[PDB]
Structures are given as C-alpha cells and as structure tokens.
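Just the one chain here, laid out as structure tokens, in the form deposited in one PDB entry.
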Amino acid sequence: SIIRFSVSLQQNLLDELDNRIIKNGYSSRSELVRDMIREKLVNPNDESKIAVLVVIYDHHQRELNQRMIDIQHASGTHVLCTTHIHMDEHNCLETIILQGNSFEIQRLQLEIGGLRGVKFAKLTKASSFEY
C-alpha cells in the first residue's frame, strides 16, 4: 500500500527539481521523486581502498579551508594529496586523494559535505581488485 513520508531539500536543489518536473512533464514533486527512487533502487568493509573526493565550496566562507584541513588531518584515512583551484570568484574546486576503509572514507565525505559553504562532496572509490 501507499505511504507518505517527508523529504527536506536545500533551496537550490528544490528549484532544480521543480524545473525538471516542468521540463519533463511530471505532475508533482512526489511523482518525480518516486520515479527517481524507484530508478535508483535498480558494501562497507575494513579493506583499504583508494578514493577521490571532489569538493566545490564557497570561496568567501571564512575558516572553511582550516576546518577541512583539520578534518583531513584528524581523519583515520590517509590523505595523500589535496589540490585546489578557483572556478570563479564565488567557488573553488578541490580534489582530495586518499586511502582508507569504507567506514573511514564515508565519514570523511559526510563530515566535509556537511560543512557550511560546501556545495557538495562527491566520492569516487576504486578497490584493489578493480584495477
């Protein structure tokens, strides 16, 4: 049977979801999101994997870089390298190359991802046996 739950979205993502509802001919948020979920629905251990986090963050946010460096230092992952460029005057893009287990990597991602001024932290993992 049919059940109704609540989702919370940041404005920028909501606006885009609303535009996609219109461009693609959906009738509601509920309907498109349902179709997305249904489509998605179609892991974690102690092994060391190499990973990459791609982080876009707000340039004007004070102390953000410091907070990221501290987290990287505090992490139980081994961060090999961080590289930063400016995309525009509002945004910087960073790649973090790191080694750790699935739990350590996921924690880093969510920690960085939840900081104010971080637009996203997207993860790429490669396990030994897939290279």
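Residue numbers run from 1 along the displayed sequence. Take the two forms, superpose them, and find the largest set of C-alpha atoms that agree within 1.5 Å; that set is the rigid core.
What comes next is about the form deposited in another entry, which is not displayed.
In the core-superposed comparison between this form and the one not shown, the C-alpha atom of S75 has shifted by at least 2 angstroms. With the core held fixed between this form and the one not shown, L17 has its Cα displaced by at least 2 Å. Relative to the superposed rigid core, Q99 undergoes a CA displacement smaller than 2 Å between this form and the one not shown.
Note on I37 and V54: their C-alpha atoms are nearer in that other deposited form, a change of at least 3 Å from this conformation. Relative to what is shown, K119 and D35 are closer in that other deposited form; their C-alpha atoms differ in spacing by at least 3 Å.
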